[PDB]
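A closer look at the structure
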Amino acid sequence: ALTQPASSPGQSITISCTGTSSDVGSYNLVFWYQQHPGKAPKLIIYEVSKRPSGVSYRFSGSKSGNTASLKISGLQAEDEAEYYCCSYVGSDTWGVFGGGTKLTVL
Amino acid sequence: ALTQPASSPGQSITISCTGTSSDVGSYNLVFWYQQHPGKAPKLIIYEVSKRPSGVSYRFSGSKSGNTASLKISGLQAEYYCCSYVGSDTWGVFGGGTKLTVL
Amino acid sequence: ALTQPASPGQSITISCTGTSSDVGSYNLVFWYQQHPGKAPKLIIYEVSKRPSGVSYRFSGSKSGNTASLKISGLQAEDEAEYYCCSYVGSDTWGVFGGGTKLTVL
Amino acid sequence: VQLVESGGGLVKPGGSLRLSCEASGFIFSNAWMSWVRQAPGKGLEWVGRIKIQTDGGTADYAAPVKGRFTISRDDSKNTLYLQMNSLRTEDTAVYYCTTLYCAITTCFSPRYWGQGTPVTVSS
Amino acid sequence: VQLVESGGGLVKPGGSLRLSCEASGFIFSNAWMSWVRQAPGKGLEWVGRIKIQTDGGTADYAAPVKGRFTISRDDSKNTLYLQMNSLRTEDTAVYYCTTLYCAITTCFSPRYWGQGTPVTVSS
Amino acid sequence: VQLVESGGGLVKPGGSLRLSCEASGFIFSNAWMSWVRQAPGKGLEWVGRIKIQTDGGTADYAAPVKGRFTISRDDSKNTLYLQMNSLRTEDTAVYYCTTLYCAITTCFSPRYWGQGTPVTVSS
Amino acid sequence: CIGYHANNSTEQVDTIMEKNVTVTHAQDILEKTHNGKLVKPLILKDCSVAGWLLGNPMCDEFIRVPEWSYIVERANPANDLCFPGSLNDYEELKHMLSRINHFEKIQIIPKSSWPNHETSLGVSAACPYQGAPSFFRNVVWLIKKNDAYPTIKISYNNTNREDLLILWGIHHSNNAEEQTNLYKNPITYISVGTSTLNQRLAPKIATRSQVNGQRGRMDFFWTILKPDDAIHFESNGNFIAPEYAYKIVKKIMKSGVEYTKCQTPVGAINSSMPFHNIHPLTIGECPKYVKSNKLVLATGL
Amino acid sequence: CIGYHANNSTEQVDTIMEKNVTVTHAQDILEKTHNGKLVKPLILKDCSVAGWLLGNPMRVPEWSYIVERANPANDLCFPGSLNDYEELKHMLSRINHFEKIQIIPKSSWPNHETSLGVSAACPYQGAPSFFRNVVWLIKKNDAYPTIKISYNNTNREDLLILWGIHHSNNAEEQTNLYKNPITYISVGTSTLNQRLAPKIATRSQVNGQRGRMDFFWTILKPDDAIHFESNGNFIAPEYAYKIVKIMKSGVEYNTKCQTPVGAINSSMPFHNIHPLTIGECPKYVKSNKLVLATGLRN
Amino acid sequence: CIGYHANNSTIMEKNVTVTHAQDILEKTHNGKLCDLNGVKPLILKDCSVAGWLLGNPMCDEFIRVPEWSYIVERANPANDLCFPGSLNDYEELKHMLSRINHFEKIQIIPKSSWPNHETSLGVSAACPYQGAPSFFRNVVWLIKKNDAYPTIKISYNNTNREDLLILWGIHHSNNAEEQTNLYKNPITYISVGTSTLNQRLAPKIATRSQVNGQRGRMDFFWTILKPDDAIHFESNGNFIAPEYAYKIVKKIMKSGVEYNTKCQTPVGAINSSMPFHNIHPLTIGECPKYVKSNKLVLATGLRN
Amino acid sequence: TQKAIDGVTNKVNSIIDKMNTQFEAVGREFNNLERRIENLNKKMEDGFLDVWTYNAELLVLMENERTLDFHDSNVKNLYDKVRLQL
Amino acid sequence: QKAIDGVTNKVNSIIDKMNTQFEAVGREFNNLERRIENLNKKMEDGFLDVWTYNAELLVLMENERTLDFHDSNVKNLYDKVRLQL
Amino acid sequence: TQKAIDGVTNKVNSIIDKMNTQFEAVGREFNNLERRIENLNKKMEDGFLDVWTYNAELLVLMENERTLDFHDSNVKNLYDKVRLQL
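To start, this report covers the structure provided alongside it.

The rules we used
- Residues numbered from 1 in each chain as written, not as in the entry; some residues may be left out.
- Chains lettered and ligands numbered in written order.
- Heavy atoms only, no water.
- Helix = DSSP H or I, 4+ residues; strand = E, 2+ residues; numbered from the N terminus.
- Rg over C-alpha atoms; globule rule 2.2 N^0.38 Å.
- Buried < 20%, exposed > 50% of the residue type's maximum accessible area, 1.4 Å probe, protein only.
- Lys, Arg positive; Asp, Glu negative; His and termini not counted.
- Charge placed at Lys NZ, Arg CZ, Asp CG, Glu CD.
- Pairing = 2+ DSSP bridges.
- Contact = heavy atoms within 4.5 Å.
- Buried area = accessible area lost by both parts, 1.4 Å probe.
- Salt bridge = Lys/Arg side-chain N within 4 Å of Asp/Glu carboxyl O.
- Nonpolar A, V, L, I, M, F, W, Y, C, P; charged D, E, K, R; others polar.
- Arc of directions from axis to C-beta.
- Core = buried A, V, L, I, M, F, W, Y, C linked by side-chain atoms within 4.5 Å.
- Patch = residues over 30% accessible without salt bridge, like charges linked within 9 Å, V, L, I, M, F, W, Y side chains within 5 Å.
- Areas by Shrake-Rupley, 256 points an atom, 1.4 Å probe, with all protein chains shown as cover.
- Polar contact = N/O pair within 3.5 Å; in protein donor to acceptor, adjacent residues only side chain to side chain.
- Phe/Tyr/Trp six-rings, centres within 6.5 Å; stacked < 30°, edge-to-face > 60°.
- Expected span 1.5 Å × (residues − 1).
- Bend = angle between axes of the 7 residues up to and from the residue.

Let us now look at the overall build of chain B. On a plain count of helices and strands, chain B comes out with zero helices and seven strands. Starting at the N terminus, the α and β elements of chain B follow one another as β-β-β-β-β-β-β. Taken over C-alpha atoms, the radius of gyration comes to 14 Å for chain B, in line with the 13 Å a tight globule of 102 residues would show. With the principal axes as the frame, chain B shows a C-alpha extent of 40 × 30 × 30 Å. Across the 102 residues that make up chain B, the buried fraction comes to 33%. For chain B, the separation between the mean place of its 8 positive charges and that of its 4 negative charges on side chains is 12 Å.

Residues and elements named next belong to chain G. One open sheet holds the three strands; their spatial order is β21-β20-β22, and the pairing between them is antiparallel. Each of the sheet's edge strands pairs with one partner strand only, and the pair in question is β21 (267–269) and β22 (283–284). Looking at chain direction, strand β20 (residues 262–264) and β22 are connected through two bridges and run antiparallel. Among the inter-strand pairings, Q263 is bridged to a residue of β22, identified as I283.

In this assembly, 13 residues from chain G lie in contact with 13 residues from chain D. Here chain G packs against chain D, burying approximately 1,200 Å² in sum over the two surfaces, 49% of which is carbon and sulfur. Across the contact surface, chain G and chain D share zero salt bridges. Those elements that place two or more of their residues in the side of chain G that touches chain D are β8 (124–129), β9 (132–134) and α3 (176–182) of chain G. When residues of the side of chain G that touches chain D are assigned to their parent elements, the largest contribution, four residues, is made by β8 of chain G. In terms of residue class, the side of chain G that touches chain D is made up of seven nonpolar, five polar and one charged.

Opposite the 29 residues of chain G that make contact, chain J presents 27 residues. Taken together, both faces of the contact between chain G and chain J bury some 2,300 Å²; the carbon and sulfur share is 61%. Of all residues in chain G, the largest losses of buried area upon contact with chain J belong to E91, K288 and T299 of chain G, amounting jointly to 21% of the total for that side. The interface formed by chain G and chain J includes zero salt bridges. At the level of elements, α2 (90–96), β22 and β23 (296–297) of chain G are the ones that each hand at least two residues to the side of chain G that touches chain J. Here the side of chain G that touches chain J is composed, by residue class, of 18 nonpolar, six polar and five charged.

Considered for burial, the residues of helix α1 (residues 9–17) of chain J that qualify are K11, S14 and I15 of chain J. Along the long axis of α1 of chain J, the arc covered by the buried residues comes to 95°, so they all point the same way. Residues of α1 of chain J that are buried in the fold lie against α2 (35–83) of chain J together with α2 (35–55) of chain L.

Residues and elements named next belong to chain D. Residues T117, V119 and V121 line the buried face of strand β10 (residues 117–121), whereas the alternating positions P118 and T120 sit on a face that is not buried. In terms of strand pairing, strand β2 (residues 9–11) meets β10 through three bridges, oriented parallel. Note that in β10 the partner of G9 across the bridge is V119. Bridge count for strand β8 (residues 93–103) against β10 is three bridges, and the pairing is antiparallel. Bridging from a neighbouring strand, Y95 pairs with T117 of β10.

Chain C makes no contact with chain B, the minimum C-alpha separation between the two being 67 Å. With no contact between them, chain E and chain F keep their nearest C-alpha atoms 45 Å apart.

What follows covers the sheet that holds strand β9 (residues 117–120) of chain F. Two strands in a sheet stick together by hydrogen bonds in their backbones, pointing the same way (parallel) or opposite ways (antiparallel). All names here are of chain F. Ordered by their spatial adjacency, five strands build an open sheet running β2-β9-β8-β4-β5, and the pairing between neighbours is mixed. For this open sheet the edge positions go to β2 (9–10) and β5 (43–50), each flanked by a neighbour on one side alone. As paired elements, β2 and β9 share two bridges and run parallel to each other. Pairing of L10 across the sheet is with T120, part of β9.

Turning next to the nonpolar core. Within the largest apolar cluster, 55 residues are counted, with the highest numbers of intra-cluster contacts made by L53, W68, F103, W141, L142, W168 and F239 of chain I. Among the elements of the structure, α1 (49–54), β8 (139–141), β10 (164–172), β11 (190–193), β13 (217–225), β14 (231–235), β15 (239–242) and β16 (245–247) of chain I are those that each provide at least two residues to this core. Considering each element in turn, this core owes the most residues, six residues, to β10 of chain I. With near-sequence residues (within four places) excluded, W68 of chain I lies in contact with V39, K40, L42, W52, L97, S98, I100, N101 and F103 of chain I. In this structure, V139, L182, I190 and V192 of chain G belong to the second largest nonpolar core, which totals 54 residues.

The next subject is unusual backbone geometry. For the bond running from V60 of chain H to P61 of chain H, omega is -10°, close enough to zero to count as cis. The backbone phi angle of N78 of chain D is positive, close to 60°, even though this residue is not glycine. If you trace the backbone, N78 of chain D turns up in the loop between β6 (70–74) and β7 (79–85). Here the phi dihedral of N158 of chain G falls at roughly 55°; this positive angle occurs in a residue that is not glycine.

Let us now look at a nonpolar patch on the surface. A surface patch of nonpolar side chains, amounting to about 250 Å² of accessible area, comprises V1, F26 and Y112 of chain E. Tracing the sequence through the fold places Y112 of chain E in the loop between β9 (93–99) and β10 (117–121).

Below, the discussion takes up the side chain of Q4 of chain C. Residues and elements named next belong to chain C. For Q4, the location among the structural elements is in the segment before β1 (12–17). Here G98 takes part through its backbone oxygen, which lies 2.4 Å from a polar atom of the side chain of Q4. Not counting residues up to four positions away in its chain, the partners in contact with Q4 are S15, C16, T17, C84, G97, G98, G99 and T100.

Right, let's get into the packing of aromatic side chains. Evaluation of the coordinates by the stated rule reveals 61 aromatic pairs over all chains. Ring centres of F31 of chain A and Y33 of chain A lie 6.1 Å apart, and the angle between their planes is 45°; this geometry places the pair in the tilted category. Both residues of the pair, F31 of chain A and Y33 of chain A, count as buried. Where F97 of chain A meets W46 of chain F, the ring centres are 4.9 Å apart and the plane angle is 15°; that geometry is what we call stacked. A residue pair is termed interchain when its members come from two chains, as with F97 of chain A in the loop between β7 (85–86) and β8 (101–102) and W46 of chain F in strand β5. Each member of the pair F97 of chain A and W46 of chain F is classed as buried.

Attention now moves to helix α2 (residues 34–76) of chain K. Here α2 of chain K is 43 residues long and its end C-alpha atoms lie 60 Å apart, about the 63 Å a rise of 1.5 Å per residue gives. If you look at α2 of chain K, its biggest bend is around 30°, right at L57 of chain K.

Counted under the stated rule, the structure contains 51 salt bridges over all chains. One salt bridge connects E162 of chain G with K247 of chain G, and the closest N-O pair in it is separated by 3.9 Å. In this pair, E162 of chain G sits in the loop between β11 (155–156) and β12 (163–172) while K247 of chain G sits in strand β18 (residues 245–248), placing the two residues 85 residues apart along the sequence. The exposure class of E162 of chain G is partly exposed, given its relative accessible area of 25%. One salt bridge in this structure joins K226 of chain I and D163 of chain I, with 3.9 Å as the shortest N-O distance. With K226 of chain I in the loop between β13 and β14 and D163 of chain I in the loop between β9 (155–156) and β10, this pair connects stretches of sequence that are 63 residues apart. According to the relative accessible area criterion, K226 of chain I is partly exposed, its value standing at 48%. Ionic contacts of the salt-bridge type, sharing partners, join the residues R37, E45, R88, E90 and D91 of chain D into one network.

Pasting the structure below:
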């Protein structure tokens, strides 16, 4: 499936997503999700590099080659959360879920 | 509507009818009728200058412009018209005229 | 209709006479063989091409308004009667021919 | 053309009565039919006109007479009926029935006239 | 090609009798059927021809024997019936069953022949 | 977006129980529905999809889940029913109902999310 | 002493070498001296082709014609089909009727051949005649006779040795009530059978606008019958049966003007010399068309 | 002493006298200097002619011709075709000014549903949608009253109307979307009669769904009325166009001559460039060298 | 002393003696067929185009033919469709198949695929063979088997990589009785479904005149199947099902003449591409030119 | 050499007779529903009359020029016929 | 001298006599009526065939005339060199 | 100038070359119930051959006239060639 790497204020960190040609390519539609302990998934960015509505300026991202990068700017204390991503496979029944990543702030 | 003027042997008289452009025109569909006291209306000339059959030589006439004229010839001792209207329900009736012999 | 007239080691030919209304350049004329006490048997169907399951005895041809059937190698057991029929057109069925009897002594 | 009529007489205002008309000088399936009224002094006035079943159509009454009068047609028995109701004193006049000449698309004016029938309304 | 015949015998003039024919070894629904009569001296003579169900048609009898003879077909049971009535003395002859060769658009002539059956009419 | 979910609890292995979901705000007849499973450690995994009546179609369950789970839709009462049967120990997880962002020709990964409900299978 | 001949003329010619040059003899190529007027082609006044063939009431002055070569007709005739409708493959009929040689009218089917059906009361008020409603005199509008409609199964054998032309029509009712009283069967169909044509049709019932008087419409067809072949008819209502057929042996100008092998809708061309600048659209033969005014060559002396 | 004038040049000419001869002045008859760039003609990125008129989810007032490109992506999302589609393009090539007017308001359908009835074939903004120029009518309250709308065309110009008939995939689809198992539509006007019925049969899956769409069109006279009758499977229009009285390949954006590769700016007698042009073109030739020769040789 | 050269030979005027009559008109046609570039034109004695594809009984002589270029067929052939009727949209069927490359016959559907329906009794005496009634061998006339008619719902997937040409027909009965006993359903229809075609049809029962025997008639259609697209059939009677399909791959002369050039005419073979000729203008291939004349000459070669 | 006009008049006869021959043609008009067929007919007829008028303007023009050339060449012929005795 | 007036206008003359064509757009037909496109092919290549026959060869003979007029022209100035002698 | 024929044989070739190029075309047929298009189909086929036969016997003709015109003008091309030494 889709593989993701495992787990201070004022810094900036980037999370990358790695896949394969059958699961990701030059296509422009790969999602990125947000999760919180005890909460429900929340959409943060859906189309690559164009911000949705009703969400703060924290998140931005880009995609190139066979990998995509998500940039979180202005790290703060509450940012301890989990993030999931899904991609596109074709005329298949549904897309493929990717492994999560935990962000730790100290 | 179509208006007509109000009321000796051996003479010849003419009766004319006056209408309007909305009621008369270049169309040939103008009738004329003959009435007698105590009798039913009879057709004297239905299609203009196309005297029918089974009638006498008495009745003849013509039409020009906004009016038509009917000529009676050879008066002896012994009258309504209708005009074309278009696609409207029926033609317009006109006032009668009474002839006097003395 | 179609009319026909009534020794070992010889050879004889039977001719068939008809009319243009019943015979001609058409190729739908038959020939039959009948033996005393037996059923009719087909000997030739087409003019000059031999059926199956039958020997070399019979051959024939057609020309003009008449047809000829050649019986080669006459023997004693050839005492039979031969019948023929021809085509007529879109009419219901063909015309039957007068039979011919053969006597061998 | 020897059409025969029927009915007529005196009735109280606001009452009801019927007329009928028949003819035998021609076939009835190809004749346009109309009904006219003759009043003293003024003269003729249109009452309506009836179509033929082959051409459909319906009875289109005159504006002053609309809503009270109706005409029924029966080609089988060669009979035409008139239904008068809620009549008033101004209806007193003689009425003449007629066929109409056919021109271009529709009939215009009468051809053969009956001898009429007097109808009176009074108190 | 094992045609089975039946019927025959002697009946009074003007009488009736029935005979049938059975066969096997070929598609009965794909073969034309007919019936022929043999008389002493003269020989073959046409009696009629039967159509096939897939092609509709009807039995056309010969002119001399028209009006009395009729044929019936039953492909389901592989049987054909002959009905005769109003017989006379000249009807005394033998009948031979046969199928008909197929060419162009006609089955004018027979191909196979049965063993036949003799029937006589006498007083 | 006020998705409401019900059902859940403890059930013996091989038993049966039902879940339901209701919502408002958006119009239901023009919304694609789906149902997802979340498990600790691993994360998300698909469970199936329900089509829309105006477009025909049918539910296409995943391979490991096929044969036991089926889903029913009722647009009139705005409800979705979940039918569990022959459930096993590994089925213990939480579930979240969602709509799907329509794209090109498919429903794809979800857009909105519910509060979720846990279930457990144990001896 | 002897020099080139010098002459005189009063004409001019054009060429590539110059713009205009005097010419000794101006021999032209075109002419515009058309007469402006017309076997003798048919000369009908106002009747339309469809109206003439169907026998419109105002066409009693025609039909009795020995032979014609082409049809003369003006645009927008006033004697067209009084009843609204059209003919299927209408252009095909005009193309076929271009050359007809002689044209003889013969009554294939007598009027008495319809005892169980009525004929008198079939008329239309759209095109009345002599002040009375009438109908086409070449066809019969069969109507319910005794509140019943026996099936029509007429047939013809065409025993003659010439081709015959037949016509028949189908009537579209305005609504359900019209179909109810004119014909007994609520649902009807017609069937046509011949060697190389199969036809099945049904009436069309729907509300429609008022185009000309009645809101109904007519539909007409035509067919070609072989000399030695039969035809058959079957119907259960709304059928129009023919009374007359036209006997023909073997194999259009659109204008109007008062009465040579070349004819144009404005006049008669009396010359076949190379071409002219007059109306290119002609019928029959035409020398040629040129979009110019002066084409001259010289010779002589 | 005086002789023929001798001059100099650096050009060559061909003629039937020889193979190639030098020429004092080679005046070229043709030219190939096409710009390669585009009553301003309507310019569309990917929407097709059918998609634009039908109102696909993905301009005023007048133009001269349509510029399009082959195999457009945003064609009819729902499978189907327009009846007499070729004829429509011929008329729509010279429409002059084009205006959109809502002849029939949306509120004119009280007894029939209008909210639902969207297709996921061409979604919009992440949600299923449909064409915005026509309305799909679906059973409202487990019933389907007969539609008998009419129009009079009180305006003084011609109108263009569009309507469609839906083909169901099978019996069950027809059973729940519409009440009547058998349906028909009737169209009545001055000079057109038309009856139809749905065609129920199994079909392959071409794109997403296994249904089909059929669309027709007609021209309405200024002073003539039109009528509609249906008992199901009917698509009713919502807008009409007040008309008064084609290029296949295009590139990035003053002459009357244009070709799918560029714009022809010259009126010289002919050229060997692409013969297929719109509007007036000089002519087409196959050769490349063609010159008449003249100059001061005197 | 030197003068103009004088020689001998055998619009300004009418006839001029010429020193050399190089003539630009030729009429020396072989009057026979030619040997084309490998693709020998399909030669048929009397088989019609419709008859050959449908497989008339008197057309089993060829069966298998390699690649050809054009069809040679004579007018009014006597081996046309024995059963009356014509193919719907038949003219276009001749425009295509003019160039066919290799025309391979494939049995897409086996005969055993119809266990519930009869096949033996599908013979008509219109065109008999070997003295027995027969029928077209490229199609099967399904008939009532056990006074019942199960609905046919066959389908094909076209697993191959080439286009396919299919044929099927609908039968018209002579009258009600013929329809009653041959098929159980009094009213029948056929349904054809594919990617880009919908079809609905019904029998047309009506009285007809005799033409060539049976008063009925046949109607046939055709279609082209994409390499990766399926086809479906539905019927309830009067259906004709195919038994063979032709594996077409990619992209007409009417006369009769006894058997190397690219120019051919219905009377002979044109051996020269020489530009001007006055033989029959109606030609196939590259016709040089046509002219209504008999003499045309330009003269040169000497005098100089 | 006198009476060379017969030799220019026969050329006019040829130019008026070489137009060949046409058969009975009509101006059949189709109905409005197939307007593409009318457009095709318009294209073929306009192309035909365009090529015909171009050909006509060409032929009249250059046979006029050739007539002038023949005339003055005849004058030169008479000139050399006068000269040859000198 | 100055004989160009009478050669340039002919270059102008040829372009004018090509006349004018009415605005026409090459339409495309449906595959179900393939004969028409094949028919539609006949004149479009036929028209250009005669047009290219009108081109080149009948572009040459006036060019042949152009040089013929030119070479005759240079002869046309030869004779008035001879009038005084 | 000897052997000037090479240069005039190419003119004989100059017509056999170019002369357009025709793609494979076969005269198709139609049915009886659409005879109008056959009348159209007859229109260009005789129209094409008309200009073709108006091209033939005419454009072939002044090249034939040019052939003799080139031939006779060739004779004078040597008639001045003997002069230059006289």
